[PDB]
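Student: Sequence, then structure. It's an experimental one.
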Amino acid sequence: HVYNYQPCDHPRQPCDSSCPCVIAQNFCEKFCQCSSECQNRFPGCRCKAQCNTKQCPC
DNA sequence: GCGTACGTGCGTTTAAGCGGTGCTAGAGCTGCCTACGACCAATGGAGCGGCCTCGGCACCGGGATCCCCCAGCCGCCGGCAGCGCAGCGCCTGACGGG
């Protein structure tokens, strides 16, 4: 069930299980209204050599 | 489960052990003489107290390793399953015998 990303909006709600990204089984993008503390956002892709291999989580 | 090496036993054999000398070295003691450490009275300054000021170390923050981990990756190889086959014993021909 691959779902197209949708910007979840949480003006006062937390990034709860009601989060559209959460229910969509997908990470919250930086375009989402989930704050800079949302735990569903991607962490940052710090693969030193090249972000290109099996060790690269990305 | 393997296996060796250490316990048990036997058969030499030899140095411990006993009993015996014989010695003098060295310990024990005494006599006597000296010096050296305790004691006493003085003296000052080394040591101990009281301030009291810088920076060595503490602490931080950040960047720098660097081991630790492990899937990636391949080599290897052996097992394994499949395939081709080598050899044999029987099967069965070739041909004279029965």
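Tutor: Right, received. Where do you want to start? Residues are numbered from 1 along each chain as shown, chains lettered A, B, ... in the order given.
Student: make it CA atoms for all contacts and neighbour counts henceforth
Tutor: Fine.
Student: Quick check: closest non-adjacent residue to residue A:34.
Tutor: Spatial nearest neighbour of residue A:34, excluding adjacent residues (CA to CA, 6 or more residues apart in numbering): residue A:10 at 5.7 Å.
Student: before we move on, what about residue A:20?
Tutor: residue A:8 (5.2 Å).
Student: roughly how far apart are that neighbour and residue A:31?
Tutor: 8 Å (CA to CA, to the nearest Å).
Student: more neighbours, the two?
Tutor: residue A:8 (20 against 12; other CA atoms under 10 Å).
Student: Show me how far stretch A:17-25 is from its chain's centre.
Tutor: Taking CA atoms, centre = their mean, to the nearest Å, one finds stretch A:17-25 lying 10 Å from the centre of the chain it belongs to.
Student: ok, now stretch A:11-20?
Tutor: The answer for stretch A:11-20 is 13 Å, by CA atoms, centre = their mean.
Student: what about it, start to end distance?
Tutor: Across stretch A:11-20, first to last residue, CA to CA, it's 13 Å.
Student: So which bits of it are buried?
Tutor: Within stretch A:11-20, the residues that count as buried by 16 or more other CA atoms under 10 Å are A:15, A:19-20.
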